[PDB]
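Residues per chain are reported as follows:
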Amino acid sequence: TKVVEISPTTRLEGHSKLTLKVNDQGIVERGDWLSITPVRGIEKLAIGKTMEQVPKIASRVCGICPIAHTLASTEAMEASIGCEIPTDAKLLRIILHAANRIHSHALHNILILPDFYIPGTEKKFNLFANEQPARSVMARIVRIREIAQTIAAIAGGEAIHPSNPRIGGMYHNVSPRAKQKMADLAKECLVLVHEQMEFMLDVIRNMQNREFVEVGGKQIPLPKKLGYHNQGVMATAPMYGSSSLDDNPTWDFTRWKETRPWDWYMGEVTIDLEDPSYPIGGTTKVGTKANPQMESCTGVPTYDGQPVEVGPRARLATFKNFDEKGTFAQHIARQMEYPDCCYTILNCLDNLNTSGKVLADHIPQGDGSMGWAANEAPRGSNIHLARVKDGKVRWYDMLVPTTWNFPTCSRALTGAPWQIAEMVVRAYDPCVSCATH
Amino acid sequence: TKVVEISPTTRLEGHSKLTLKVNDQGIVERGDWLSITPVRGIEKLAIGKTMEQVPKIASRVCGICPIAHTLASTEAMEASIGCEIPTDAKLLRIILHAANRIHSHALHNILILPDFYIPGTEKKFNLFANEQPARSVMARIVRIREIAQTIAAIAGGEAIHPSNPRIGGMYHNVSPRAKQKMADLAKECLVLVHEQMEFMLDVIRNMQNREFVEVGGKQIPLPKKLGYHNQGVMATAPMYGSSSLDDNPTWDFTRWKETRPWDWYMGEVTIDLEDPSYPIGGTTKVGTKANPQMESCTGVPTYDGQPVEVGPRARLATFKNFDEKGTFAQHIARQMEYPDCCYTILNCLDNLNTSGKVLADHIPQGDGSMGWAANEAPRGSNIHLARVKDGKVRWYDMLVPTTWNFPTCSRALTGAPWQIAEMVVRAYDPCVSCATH
Amino acid sequence: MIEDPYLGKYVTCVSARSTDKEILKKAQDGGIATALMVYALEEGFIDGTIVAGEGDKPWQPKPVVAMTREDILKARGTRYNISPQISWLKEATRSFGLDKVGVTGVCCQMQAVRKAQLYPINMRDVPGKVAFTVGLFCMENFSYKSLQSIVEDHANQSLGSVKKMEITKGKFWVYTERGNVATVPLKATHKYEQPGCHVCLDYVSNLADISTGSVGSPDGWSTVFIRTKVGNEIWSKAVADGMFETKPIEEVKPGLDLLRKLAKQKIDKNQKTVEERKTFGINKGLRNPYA
Amino acid sequence: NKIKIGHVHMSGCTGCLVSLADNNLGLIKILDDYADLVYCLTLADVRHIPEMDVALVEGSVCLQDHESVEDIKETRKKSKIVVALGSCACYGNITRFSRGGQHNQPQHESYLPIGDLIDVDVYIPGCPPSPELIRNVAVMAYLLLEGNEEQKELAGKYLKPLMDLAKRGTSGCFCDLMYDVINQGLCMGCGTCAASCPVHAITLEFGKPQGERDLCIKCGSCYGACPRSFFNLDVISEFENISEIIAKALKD
Ligand SMILES: Cc1cc2nc3c(=O)[nH]c(=O)nc-3n(C[C@H](O)[C@H](O)[C@H](O)COP(=O)(O)OP(=O)(O)OC[C@H]3O[C@@H](n4cnc5c(N)ncnc54)[C@H](O)[C@@H]3O)c2cc1C
Ligand code: SF4
Ligand code: SF4
Ligand code: SF4
Ligand code: SF4
Ligand SMILES: [Fe+3]
Ligand SMILES: [Fe+3]
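Residues numbered from 1 in each chain as written, not as in the entry; some residues may be left out. Chains lettered and ligands numbered in written order. Part of a larger assembly, values for the part shown. Heavy atoms only, no water.

For this coordinate set, the PDB header names X-ray crystallography as the determination method and states a resolution of 1.988 Å.

Structure, rendered in structure tokens:
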């Protein structure tokens, strides 16, 4: 056993590292992927603040998925106080949610493609480069994300940190013109995401037929079971979410418990294996001490006493019994989620009444009861829990998808050549600012 | 890439073809299986007709599974108008349903066995031939189907296009003699289907241990992952079904959307690869133009924005987490459904009161509300949706199992030698008249 | 009288457009079909007219008996799917109590009216109460599912956003309210045509009092045939009253030469289909309504 | 010598084929001794229509589907005896109600029974058609082509009413009982029409037929079964002997 460390990780959101024990062949025996993002402490600073402010603060946990936290936080407040929002407010929230999932999955295409090969060649995608096919692909992705952000801005008030959601529904309904504009854009987007999806699935399928990849000049073998783990999955909806107001909620808070990294991470180790050629800048210096239990910045939520995988694959496994697992299965399931986003937007626009009410007539102030809301963020189940009393948050808790995925991905690192541990990581589409909040 | 086309397909129900792009080894790269059965247009001709007539017309969509359409259509009308049928009517419907599943799975044994091998030999089953073991197997299958049709005729009024179902329950309860007769036949049938099931599973298991099959004189390799796809599955019950009258319906109409073949099928191609020796009569001539988007006769229903697999494997995966996939897994799951049919019939007869009421005391005429009913037809989830107002159907829609399976099977064709694409198809037990309606 | 073998019987043919600017805002072409019916109503030539009103689904027409200028104007613009205009023809003379019925529609609907005038079969009071017919040019029509498939798939547009559709210059054109344009090659649309159109031997509504369409005239303008005495009386008086700008059709491009050619292709192709019906089977054929 | 039999599937539901198969070991007996199944897409891999002594043709013809029209013309060309198997082939049945407008072929609007496109020798009406009738027609077709003169005479007499039905027309409905039985002074109130109706559209009121025309799916069964449509006394009075002959032909 030797210990190699990659710090920082790259082509994901935010700040983490991989602390890896490897065998004499460089295959991970036990690896820890951990947040080293400072804890801004949103759960504790929320206490005493107003139920209107806390969702707008929680939004600023993450600018890729602010819709997830805005909606999950707002709907946790609504669940605690017992506020039923109007239909047209819900329809606008779903449109906002679906649009953001498009932009997020497409942004993630940008981050993972450099690890992938132009099918049938030994050339990797370089999306910066003004050459084909990369530039044509970048142009499609860029238009996809532009459409997505535009719809999000129209239905949510703002693409990043949406302003329209409020306790009890929305500040604004949209105009007949705005509704036509969103429909026009969704029609254009649906064709584009079908193209991007088929493109990505082909690239992934080419990856599954490869035997090695090139990292830092060297050939790295591709295990058949790359990224396999035995944690199973958790998901609350295929699209939107669930909350404790529902007749039959699809998440069970009696099965959840959160520990410190303590229960699940390695203690102190010393780095004795270093590779200065790891692109670009090498790995952690020999002699460095690391302690994942103490350095990890997240809590570890569990379901039935164990870490779980959340995210697109978790959703398709839970709701369609999708039956492939590991790194390339995760990539596949994410791409498959493209069309539902556009069909959902178009169906929601069809049902939206632009003269309809968007704010509940009565917003109660709460008595301290616990409520919770789950939003199926692009990366998986985002669960916010709250006690609101007299309009103030007395208790707040956030179980964010990448928080769930950190210990699970770690276990999935077993069997990988340490030089492609980052590829295992990127199939989770990590958001480490999310994970840490 | 070359394009080869098989038209028509054989040993399935109705009229389809396979339009296949293949690599230089003859392995499917992207294949389209599509209906070319004329659209009789049952959904549109239903509008304005009486809620009593429409289920008897819908029955005539298909004579292998008319129970599926008779029951799903009737129960869609009952769900739209809010009619609760009597217990003994429900018990008779379940007996009818279970009996038809027996006859259907056994008919499908006849269609698929010619592709299969007498275990441990290089001889294929020829069920026409008056030799053993084929003739003994045919005799068992024939008795199984005879028993099944007899029970169906007794409980359903007729084996093909059952006459007993009506809005509000059944025209007839059965006599004490009839109830004894159905029980006697189910006891005989249970022994026979246990034998047939074990026979079929052995044949299938022999297929999974083979490395090649012979098609048109040539050896065709058998891929290990023959028929694998990543669409997952959908199912509403292990046996009967669900409807919007249920307290907790097991199908979600907000997750469904139907497109034209447009979104999912290939556009225009030209056949440049022809094999005149394909048994018996060859493939489509070189130079023929094909256009699956335009020639496909079905709509494409989706679940969470994607095609799904329905049918026996979908049922066992949904309700028992059956965890094998692809062609031979589909065959296995279908055979495993034999005994539940006979145990269900015997339990239902046990509870049936032959003096009990079979027609609701009040049949409302409807106000235009939407109702839906799912019947788990032998080939999978058959979902009929209706708005009944003043005793007339104002809106009608049919999402039939083979309709669902068409785009999914297509994707499952990847990786198959084009000469065994039809084997991938037959594991879906296709009903193309069903699919098209 | 001219007795053209492809353009029917007519007195004159001009290029025209309504001088009513409100009508033109949403008219498909020159606003002739709206302008004539509004004018006939104001002048008392009709007391009501059957028009292709707005229906229950976007871009699905619903026939309606219109009896005010406002209701007539609601029917502006071409709906390229079936509108069963003649279904209100008798009823207009019953509960609506009209003495002078106007009728708008395509060539086959003009045919239906004249058959009812001459062979009324359970159409009492209809022969004598038809007062004024205006016929649109029509090459072919579509079911609503066809129109949906063409606009939503081939043009990739939402129906709720479409402001105008137009078949011209070999394409199906879709214009959206927010200002975008999409086209579909007509070759792609052929599978979707209503099959009963393939037996139609009438392009410029030969049997109407006045016929109007787009081909032969610039955009914003209509080609108009004035055919019957009813048609000539109403047109003359409307022109004299300032209701239309006109140009003789021979001074207009593409004009009557292009029009006569498309008429000829239509009849020629459909006459062939009519003929193939006779030997459609083996030793038997299909019915010919014209036999 | 076995005769050559095909099953041709037009716009049908395959329930007509199921009805043939529901002769159980009778079908296997016929395939063993009297007939070769040269064509049937549901059961065999012969891709194109071969020559046939008997074509059992189910379903009607969509006029807007080119392959379908070619198939039914090719079938008549390839076959000595053409059988409209079941009510869709005989009479249109539920495809009378087809009117287009459904994805993904909204132009697939018009359906005719096969007798409007080709000449049909024999009707087997019914929806579903009775297995026993299909069996009797197969056996008698064989006897008509491979029997002694006494058999070919019997077969010709047996099939005559089914050939007369093919010559009568291509329409079937509850109204047949009005037009051609009650309105003709021939109804005697036996109630057979009511038993044969597959959708319970017929009741008898004071001994006379009452048709629920908006339940009727236009299958033509009731007039067929009516003993005052055709009643060929030469055949039907010999019911005991003709039954014994058919049984013996199926015996082991
Ligand atoms: C299927 C269809 C096919 C056509 N094909 C051609 C062609 O090939 N060449 C050509 O020059 N013109 C064609 N036209 C006519 C052209 O599109 C305009 O309809 C015509 O020029 C009238 O325009 P306008 O400005 O005078 O009428 P407007 O003032 O815009 O008024 C519209 C009139 O059209 C009637 N109308 C609209 N839709 C329908 C409908 N589905 N069915 C019956 N009546 C309707 C309304 O009742 C009203 O009378 C077609 C029209 C239709 C409905
Ligand atoms: S082409 Fe003829 S039949 Fe068809 S809608 Fe136009 S005028 Fe009528
Ligand atoms: S006659 Fe009846 S059973 Fe035969 S093909 Fe037609 S619907 Fe099916
Ligand atoms: S079957 Fe009997 S009751 Fe019915 S029409 Fe014939 S003779 Fe009259
Ligand atoms: S009344 Fe019944 S048996 Fe007679 S044609 Fe109608 S459905 Fe067939
Ligand atoms: Fe937290
Ligand atoms: Fe359907």
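Participant: When you look at the interface of chain D and chain B in this model, what are you seeing that I'm missing?
Facilitator: Bring the parts together and some accessible area is lost; that lost area is often taken as the interface size. Contact residues are listed per partner, giving 51 residues for chain D and 67 residues for chain B. Run the count over chain D and chain B and you get four salt bridges. Salt-bridge contacts for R135(B) lead to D32(D); the nearest nitrogen and oxygen are separated by 2.7 Å. Of all the elements in the fold, those that place two or more residues in the side of chain D that touches chain B are α1 (15-21), α2 (25-33) and α3 (66-78) of chain D. (Contact = heavy atoms within 4.5 Å. Salt bridge = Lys/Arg side-chain N within 4 Å of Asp/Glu carboxyl O. Helix = DSSP H or I, 4+ residues; strand = E, 2+ residues; numbered from the N terminus.)

Participant: In this structure, what is going on with the site of ligand 1? I would like to understand it.
Facilitator: Residues and elements named next belong to chain C. In the vicinity of ligand 1 lie 33 residues, with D29, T34, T78, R79 and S214 positioned nearest. Contacts to ligand 1 include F137, whose backbone N or O atom sits 2.8 Å from a nitrogen atom. Backbone polar atom of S214 to an oxygen atom of ligand 1: 2.5 Å apart, as the coordinates give it. Notes on ligand 1: free accessible area 920 Å², of which the protein chains cover 96%. Among the elements of the structure, α2 (32-43), β4 (48-54) and β6 (101-105) are those that each provide at least two residues to the shell around ligand 1. Sort the elements by how many residues they give to the shell around ligand 1 and α2 lands first, with three residues. Class assignment of the residues belonging to the shell around ligand 1 gives a composition of 14 nonpolar, 15 polar and four charged. (Near = heavy atom within 4 Å. Polar contact = N/O pair within 3.5 Å; in protein donor to acceptor, adjacent residues only side chain to side chain. Areas by Shrake-Rupley, 256 points an atom, 1.4 Å probe, with all protein chains shown as cover. Nonpolar A, V, L, I, M, F, W, Y, C, P; charged D, E, K, R; others polar.)

Participant: Sorry, what's going on with a nonpolar patch on the surface here?
Facilitator: All names here are of chain C. A grouping of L118, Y119 and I121 is seen on the molecular surface, where their side chains present a nonpolar patch of about 430 Å² in accessible area. One can find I121 in the loop between α4 (107-118) and α5 (126-129). Given a relative accessible area of 67%, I121 falls into the exposed group. (Patch = residues over 30% accessible without salt bridge, like charges linked within 9 Å, V, L, I, M, F, W, Y side chains within 5 Å. Buried < 20%, exposed > 50% of the residue type's maximum accessible area, 1.4 Å probe, protein only.)

Participant: What am I meant to see in the coordination of the iron ion (ligand 7) here?
Facilitator: In an ideal tetrahedron of four donors about a metal, each angle is 109.5 degrees. In an ideal octahedron of six donors, the angles are 90 or 180 degrees. All names here are of chain B. Taken together, the protein ligands of the iron ion (ligand 7) are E43 (OE), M398 (O) and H437 (NE2), with distances of 2.1 to 2.3 Å. Between consecutive donor residues of the iron ion (ligand 7), the sequence gaps follow E-x354-M-x38-H. One end of the pair, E43, is in helix α1 (residues 42-45); the other, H437, is in the segment after α13 (432-436), and 394 residues separate them in sequence. (Donors = N, O, S within 2.8 Å, 3.2 Å for Na, K, Ca; no water.)

Participant: Please clarify how the coordination of the iron ion (ligand 6) should be interpreted in this entry.
Facilitator: Residues and elements named next belong to chain A. Protein coordination of the iron ion (ligand 6) is provided by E43 (OE), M398 (O) and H437 (NE2), with donor distances spanning 2.1 to 2.3 Å. Sequence positions of the donors to the iron ion (ligand 6) reduce to the motif E-x354-M-x38-H. Here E43, found in helix α1 (residues 42-45), pairs with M398, found in strand β15 (residues 392-399); they are 355 residues apart in sequence, far enough to count as distant. Judged by its relative accessible area of 18%, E43 falls in the buried class.

Participant: When you look at the arrangement of the chains in this model, what are you seeing that I'm missing?
Facilitator: Here five pairs of chains make contact, and the pair sharing the most contacts is chains B and D. Across the gap from chain A to chain D, with no contact made, the nearest C-alpha atoms are 18 Å apart.

Participant: Could you clarify how one ought to interpret the domain arrangement of chain D in this entry?
Facilitator: Residue and element names in this part refer to chain D. Domain annotation of chain D identifies domain 1 (1-170) and domain 2 (171-252). One C-alpha centre belongs to domain 1, the other to domain 2; they are set 21 Å apart. Contact residues are listed per partner, giving 24 residues for domain 1 and 23 residues for domain 2. Overall, the association of domain 1 and domain 2 removes approximately 1,900 Å² of surface from exposure, summing both partners, and the carbon and sulfur fraction of that is 66%. Linking domain 1 to domain 2 there are four salt bridges. Among the salt bridges present, the one from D234 reaches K157, with a minimum N-O distance of 3.7 Å. (Domains from an automatic or database assignment. Buried area = accessible area lost by both parts, 1.4 Å probe.)

Participant: Can you help me understand the site of ligand 4 in this one?
Facilitator: Residues and elements named next belong to chain D. Residues in contact with ligand 4 amount to 13 residues; listed here are only the nearest, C187, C190, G191, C193 and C226. Put simply, the parts of the chain that give the shell around ligand 4 at least two residues each are α7 (176-182) and α8 (192-196). Broken down by class, the residue content of the shell around ligand 4 amounts to 10 nonpolar, three polar and no charged.

Participant: Can you walk me through the interface of chain C and chain A in this structure?
Facilitator: Listed per partner, the contact involves eight residues of chain C and eight residues of chain A. Counting the surface lost from both chain C and chain A, the interface buries some 790 Å², and carbon and sulfur atoms represent 44% of this. For the chain C face of the interface with chain A, the top three residues by lost area are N156(C), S161(C) and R178(C), together amounting to 67%. On inspection of chain C and its partner chain A, the count reaches one salt bridge. Across the pair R178(C) and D184(A) runs a salt bridge whose closest N-O atoms are separated by 3.2 Å. On inspection of chain C and its partner chain A, the count reaches four residue pairs in polar contact. The residue makeup of the side of chain C that touches chain A, split by class, is no nonpolar, five polar and three charged.

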